[PDB]
Amino acid sequence: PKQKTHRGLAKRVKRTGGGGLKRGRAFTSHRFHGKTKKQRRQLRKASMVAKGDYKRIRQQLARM
Amino acid sequence: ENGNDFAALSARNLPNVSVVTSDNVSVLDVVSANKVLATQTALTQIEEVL
Amino acid sequence: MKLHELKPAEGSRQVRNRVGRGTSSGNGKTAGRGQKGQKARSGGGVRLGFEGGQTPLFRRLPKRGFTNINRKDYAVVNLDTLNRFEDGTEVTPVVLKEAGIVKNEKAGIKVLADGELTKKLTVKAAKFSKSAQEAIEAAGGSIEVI
RNA sequence: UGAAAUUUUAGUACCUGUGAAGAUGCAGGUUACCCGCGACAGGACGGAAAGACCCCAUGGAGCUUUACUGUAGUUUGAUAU
RNA sequence: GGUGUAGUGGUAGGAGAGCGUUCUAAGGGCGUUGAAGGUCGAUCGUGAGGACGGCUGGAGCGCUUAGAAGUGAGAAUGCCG
RNA sequence: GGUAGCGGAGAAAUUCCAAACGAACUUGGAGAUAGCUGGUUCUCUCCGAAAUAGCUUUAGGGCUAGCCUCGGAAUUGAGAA
RNA sequence: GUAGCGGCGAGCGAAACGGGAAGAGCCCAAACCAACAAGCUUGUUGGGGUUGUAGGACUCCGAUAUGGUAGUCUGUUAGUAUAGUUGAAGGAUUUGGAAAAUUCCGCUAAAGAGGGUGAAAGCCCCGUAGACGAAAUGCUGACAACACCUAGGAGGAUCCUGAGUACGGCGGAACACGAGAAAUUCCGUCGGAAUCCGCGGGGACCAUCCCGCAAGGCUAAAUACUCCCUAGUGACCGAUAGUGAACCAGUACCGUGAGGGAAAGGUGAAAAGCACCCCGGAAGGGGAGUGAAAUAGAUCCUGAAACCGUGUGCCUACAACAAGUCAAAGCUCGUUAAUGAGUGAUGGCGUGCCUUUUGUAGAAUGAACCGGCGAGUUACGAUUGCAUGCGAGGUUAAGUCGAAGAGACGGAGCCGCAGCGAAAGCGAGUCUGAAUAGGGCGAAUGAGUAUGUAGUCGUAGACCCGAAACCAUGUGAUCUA
Ligand SMILES: [K+]
Ligand SMILES: [K+]
Ligand SMILES: [K+]
Ligand SMILES: [K+]
Ligand SMILES: [K+]
Ligand SMILES: [K+]
Ligand SMILES: [K+]
Ligand SMILES: [K+]
Ligand SMILES: [K+]
Ligand SMILES: [K+]
Ligand SMILES: [K+]
Ligand SMILES: [K+]
Ligand SMILES: [K+]
Ligand SMILES: [K+]
Ligand SMILES: [K+]
Ligand SMILES: [K+]
Ligand SMILES: [K+]
Ligand SMILES: [K+]
Ligand SMILES: [K+]
Ligand SMILES: [K+]
Ligand SMILES: [K+]
Ligand SMILES: [K+]
Ligand SMILES: [K+]
Ligand SMILES: [K+]
Ligand SMILES: [K+]
Ligand SMILES: [K+]
Ligand SMILES: [K+]
Ligand SMILES: [Mg+2]
Ligand SMILES: [Mg+2]
Ligand SMILES: [Mg+2]
Ligand SMILES: [Mg+2]
Ligand SMILES: [Mg+2]
Ligand SMILES: [Mg+2]
Ligand SMILES: [Mg+2]
Ligand SMILES: [Mg+2]
Ligand SMILES: [Mg+2]
Ligand SMILES: [Mg+2]
Ligand SMILES: [Mg+2]
Ligand SMILES: [Mg+2]
Ligand SMILES: [Mg+2]
Ligand SMILES: [Mg+2]
Ligand SMILES: [Mg+2]
Ligand SMILES: [Mg+2]
Ligand SMILES: [Mg+2]
Ligand SMILES: [Mg+2]
Ligand SMILES: [Mg+2]
Ligand SMILES: [Mg+2]
Ligand SMILES: [Mg+2]
Ligand SMILES: [Mg+2]
Ligand SMILES: [Mg+2]
Ligand SMILES: [Mg+2]
Ligand SMILES: [Mg+2]
Ligand SMILES: [Mg+2]
Ligand SMILES: [Mg+2]
Ligand SMILES: [Mg+2]
Ligand SMILES: [Mg+2]
Ligand SMILES: [Mg+2]
Ligand SMILES: [Mg+2]
Ligand SMILES: [Mg+2]
Ligand SMILES: [Mg+2]
Ligand SMILES: [Mg+2]
Ligand SMILES: [Mg+2]
Ligand SMILES: [Mg+2]
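Protein chains in written order, with the entry's author numbering: chain 7, 2 to 65; chain I, 157 to 206; chain O, 1 to 146.
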């Protein structure tokens with residue numbers, strides 16, 4: 002059968018032009034009083050999936 | 157060429173001969189045969205097909 | 001070629017590796033699986049992305065965004081491709097399709113200015129970038145919105 | 001007349017020591033001509049049973065309750081007849 | 001192909017190159033003047049393995065190239081004899 | 001002759017229900033599942049580990065990194081002593 | 001594997017558009033009219049009518065045609081199925097028991113598919129190509145016959161157009177959609193409409209617009225499957241294989257019963273299956289015969305290993321042995337003729353194989369021995385390497401024709417050529433931001449795609465064997481309570 006896509010990942014990541022995966026940042030839901038404004042400002046920015054994590058999950062996003 | 161039924165009938169039974177119509181010719185047939193005896197009309201039809 | 005002298009192109013075909021066929025082969029006994037453990041069992045191994053119970057990366061990360069029901073994506077074409085036509089040519093979505101430049105137009109053709117235009121053309125497309133429109137006009141041509 | 005459990009192959013000694021720390025098989029020494037029969041049961045950690053004790057498995061099953069979630073029944077009301 | 005230098009223990013495991021088995025295609029062969037198979041031999045190759053001769057046997061079988069695999073056993077208290 | 005397994009029967013022992021009853025026997029779901037034990041068959045050549053860190057209802061499992069192997073790219077040569 | 005669903009986990013997962021196979025549309029209820037009977041309506045029958053660019057009734061006109069059928073044991077006809085007939089061409093030579101094999105000359109082919117015949121046959125036989133054939137019964141198609149459907153235009157004043165229905169509340173269920181914002185569809189319960197200025201849907205809901213007309217029914221083809229029958233096919237099995245069953249197999253056997261369930265093929269070309277004689281009670285042998293062969297004698301082709309036994313070339317009764325290896329006198333023998341073979345006094349060294357382990361000769365595990373069988377495979381996807389074709393392009397899928405082939409057509413569709421953003425949107429840029437700033441992701445800085453093959457992974461039992469168990473049908477009180 003067709004290989005299925007991991008819907009959770011599909012919702013949380015985006016494929017970039019270079020083949021990488023763009024992702025959100027954790028610790029951006031609540032309890033912002035426990036983080037400095039610098040932390041919040043720098044977590045607002047997106048990021049890319051690390052090499053090790055990408056090698057673990059790529060097969061689940063092949064046909065995203 | 158299509159329609160040469162009598163030629164096909166007289167030739168098919170020979171052990172060394174394989175008969176095919178110009179419209180129905182295949183890589184395997186050509187390669188297997190050591191020689192290819194083709195009528196002029198058959199060659200024309202082959203060229204048109206290819 | 002002769003059926004009794006067939007020869008594949010070098011490197012075109014390889015020999016399958018069979019495991020569990022003696023020690024000297026290098027994959028005897030354990031068949032390259034190692035010794036015991038979950039991965040050494042038939043049907044063994046954990047599901048993709050599993051991390052042994054540590055919260056997986058997707059669980060850590062938050063969901064984001066939404067898909068617009070009325071999303072419109074345009075088939076994109078550039079001045080470099082437009083250069084393939086002759087001066088005075090009437091470029092149309094049908095013309096592009098027949099030329100094979102745009103097999104699938106999606107919501108319609110949008111023209112971008114990645115390349116440098118050189119031919120005078122009358123280009124008809126769903127949308128035009130500002131730079132693309134200026135380049136077409138500078139090349140002596142004209143643009144119309146279908 | 002005629003089985004069986006067992007059985008890696010065995011030309012299958014003792015002491016001290018060594019060794020996965022308790023050796024017929026390894027080291028040193030000692031003893032011992034070859035093959036049996038009738039008896040004994042120290043050893044072959046002897047045979048029989050993939051230990052039941054103990055621990056482990058995000059195993060099973062039976063049982064309990066003020067564990068959780070359900071539920072048959074029982075009861076109460078609305079409503080239809 | 002030659003010279004030189006260096007290197008060539010190895011479990012898990014990775015890479016490469018090969019042997020052998022059955023079958024398919026093509027080509028080229030072998031067989032009651034004895035095939036396969038069995039057995040014996042003091043044979044050849046670096047290895048898996050390959051020949052050759054004697055005997056038994058009595059009808060199918062190699063070889064080269066390529067292709068496909070129910071393709072290689074010594075262990076599973078494996079199954080059957 | 002009657003009582004049949006989500007059951008029956010029980011002067012009550014988890015006692016009996018066709019020589020193993022804390023839930024009979026047979027068939028099917030079914031090749032249940034087994035992070036566990038056992039087994040996994042030809043050859044040679046090159047190279048060759050780990051038994052660690054982090055996290056884990058995690059501890060004899062797993063994931064990423066570390067250590068091995070094969071291919072590739074590039075360098076103001078960045079490695080070792 | 002998209003949109004979505006989902007302790008938003010594990011997973012589940014569409015539909016429309018587009019491309020194809022096949023194609024077919026029709027009947028009522030109601031209004032209205034007539035007949036009949038009863039009790040002006042009220043039931044039966046007939047006529048009438050079947051719809052959304054609203055239709056029908058009804059009222060006018062004009063037509064009494066034109067076409068069709070998804071009807072019939074109605075006939076006629078053609079074909080076909082169920083037996084069959086015909087169907088070319090070789091003799092010698094050598095070996096051999098036997099010729100098809102060898103050699104020499106020939107012959108046939110619309111037949112050189114295949115099978116059998118004393119070994120391997122185009123020309124020996126059965127067949128094959130081709131030609132031909134049906135008294136009888138089926139089946140199919142056509143023809144006719146019968147049968148049944150088939151009307152156009154105009155007006156709306158009124159009438160009809162499916163009621164306990166649609167819908168709503170409550171509780172469930174099906175829709176990929178798990179109540180969620182929830183459409184749509186279905187069930188149970190209760191409430192409960194409108195009706196052409198009407199009604200439903202377009203994913204809560206309202207308005208506009210668009211599309212359609214429920215609560216009645218029927219309908220061939222394309223699709224699914226094979227217990228069977230016929231004709232074939234296979235890089236399918238070849239007697240531990242292949243159906244459990246090649247053989248008197250669901251048999252023997254086991255169980256009270258449901259149920260479980262085997263083993264077992266081969267003489268020879270032809271029985272020519274050993275007349276007769278001898279030992280023996282027979283069995284079984286030895287002759288004699290058959291046969292090419294009887295060590296092919298019915299336990300019958302071949303006849304391996306374990307295991308057993310006979311004969312003997314060498315060694316062995318002072319020796320402590322994982323049984324070998326290295327060295328070696330003596331004796332024996334003469335081979336793929338090799339700086340040979342067998343045996344071996346004696347001396348040196350030396351604790352099996354496998355599994356699992358930090359570590360095993362291990363007093364840890366497994367194997368009594370021999371033989372056979374017995375474990376990473378395939379399908380569909382993902383990704384990487386290698387290879388080929390093409391190349392800013394690559395490529396067809398279903399499907400039609402065709403030998404179960406290749407191949408041709410089929411461009412719908414898929415990947416690539418533009419990215420950025422959650423999105424509107426912009427675009428070699430874009431997002432953030434007040435910013436022509438910075439920064440992120442991209443372009444400059446270009447190769448992809450189809451297929452083959454291999455490595456790995458995913459869904460599948462997924463390398464093989466193994467639970468205690470769980471669940472759903474059944475069979476058991478001939479034991480025992
Ligand atoms: K995210
Ligand atoms: K947070
Ligand atoms: K491996
Ligand atoms: K030990
Ligand atoms: K004893
Ligand atoms: K129990
Ligand atoms: K065994
Ligand atoms: K009792
Ligand atoms: K899909
Ligand atoms: K979960
Ligand atoms: K009518
Ligand atoms: K004959
Ligand atoms: K023949
Ligand atoms: K007939
Ligand atoms: K709903
Ligand atoms: K509609
Ligand atoms: K014989
Ligand atoms: K002997
Ligand atoms: K010795
Ligand atoms: K033990
Ligand atoms: K900026
Ligand atoms: K920028
Ligand atoms: K390529
Ligand atoms: K590939
Ligand atoms: K499997
Ligand atoms: K696999
Ligand atoms: K009784
Ligand atoms: Mg902090
Ligand atoms: Mg292959
Ligand atoms: Mg290895
Ligand atoms: Mg092994
Ligand atoms: Mg193991
Ligand atoms: Mg371990
Ligand atoms: Mg492991
Ligand atoms: Mg000690
Ligand atoms: Mg000791
Ligand atoms: Mg010893
Ligand atoms: Mg014991
Ligand atoms: Mg145990
Ligand atoms: Mg053979
Ligand atoms: Mg095998
Ligand atoms: Mg064995
Ligand atoms: Mg008790
Ligand atoms: Mg009992
Ligand atoms: Mg199941
Ligand atoms: Mg946890
Ligand atoms: Mg004839
Ligand atoms: Mg002849
Ligand atoms: Mg549902
Ligand atoms: Mg309701
Ligand atoms: Mg509705
Ligand atoms: Mg809407
Ligand atoms: Mg309409
Ligand atoms: Mg149908
Ligand atoms: Mg046999
Ligand atoms: Mg059988
Ligand atoms: Mg013999
Ligand atoms: Mg025999
Ligand atoms: Mg002495
Ligand atoms: Mg002596
Ligand atoms: Mg230990
Ligand atoms: Mg044992
Ligand atoms: Mg009774």
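All residues carry an ideal CB built from backbone N, CA and C; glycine is no exception.
- [ ] Using a Cβ cut-off of 8 Å (strictly closer), state whether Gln61 (chain 7) contacts chain O.
- [x] yes
TODO: Taking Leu22 (chain 7) as the query, report the chain O residues whose CB atoms sit under 8 Å from its CB, ordered along the chain.
DONE: Those do not exist, as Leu22 (chain 7) stays about 10 Å from chain O at its closest Cβ, beyond 8 Å.
Task: Partners in chain O for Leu10 (chain 7), counting only beta-carbon separations shorter than 7 Å - done: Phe58
Open item on the list: Any contact between the region 39-47 of chain O and the region 74-87 of chain O? By contact I mean 3 or more CB pairs, one from each, below 8 Å.
Closed with: no
TODO: From the DSSP output, read off the bridge partner residues of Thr122 (chain O).
DONE: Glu90 (chain O), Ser142 (chain O)
Task: Under 8 Å between C-beta atoms of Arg24 (chain 7) and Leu6 (chain O) - done: no
Task: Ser142 (chain O) to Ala113 (chain O) span [Cα, whole Å] - done: 14 Å
Task: Short-range partners of chain 7 found in the region 42-66 of chain O, where Cβ spacing is below 7 Å - done: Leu48, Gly49, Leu57, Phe58, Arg60, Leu61, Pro62, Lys63, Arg64
TODO: Report yes if the CB atom of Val94 (chain O) is closer than 8 Å to the CB atom of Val111 (chain O), and no otherwise.
DONE: no
Open item on the list: Along the chain, where does the beta strand (DSSP E) containing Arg24 (chain 7) start, and where does it finish?
Closed with: 22-24
TODO: Grab the span of the beta strand (DSSP E) containing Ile109 (chain O) for me, first residue to last.
DONE: 109-112
TODO: Look at the alpha carbon of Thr55 (chain O) and the alpha carbon of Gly49 (chain O), and state the distance between them as a whole number of angstroms.
DONE: 10 Å
TODO: Quick one: measure Cβ to Cβ for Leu121 (chain O) and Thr89 (chain O), integer angstroms, because I've assumed they're closer than 8 Å.
DONE: 6 Å
- [ ] List the residues of chain O whose Cβ lies closer than 7 Å to the Cβ of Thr29 (chain 7), in chain order.
- [x] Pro62
Task: Residue range of the alpha helix (DSSP H) that includes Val205 (chain I) - done: 196-205
Open item on the list: Does the contact criterion of 3 or more C-beta pairs under 8 Å hold for the region 130-144 of chain O versus the region 95-102 of chain O?
Closed with: no
Task: chain O within 8 Å of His7 (chain 7), Cβ atoms only - done: yes
Task: 7 Å Cβ cut-off: residues of chain O touching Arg57 (chain 7) - done: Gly49
Task: Given 8 Å, three or more beta-carbon pairs between the region 14-22 of chain O and the region 13-24 of chain 7 - done: no
Open item on the list: Please tell me whether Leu82 (chain O) and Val91 (chain O) are closer than 8 Å, where the distance is taken between their beta carbons.
Closed with: yes
Task: Exposure of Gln43 (chain 7), with buried meaning 16 or more beta-carbon neighbours within 10 Å - done: exposed
TODO: Assuming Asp179 (chain I) contacts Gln201 (chain I) (C-beta within less than 8 Å), just tell me the rounded distance between them.
DONE: 7 Å
- [ ] Determine the DSSP secondary structure at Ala163 (chain I), reduced to helix, strand or coil.
- [x] helix
Task: Nearest residue (CA-CA) to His7 (chain 7), options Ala107 (chain O), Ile146 (chain O), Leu3 (chain O), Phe58 (chain O) - done: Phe58 (chain O)
Task: Status (buried if at least 16 other CB within 10 Å, exposed otherwise) for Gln61 (chain 7) - done: buried
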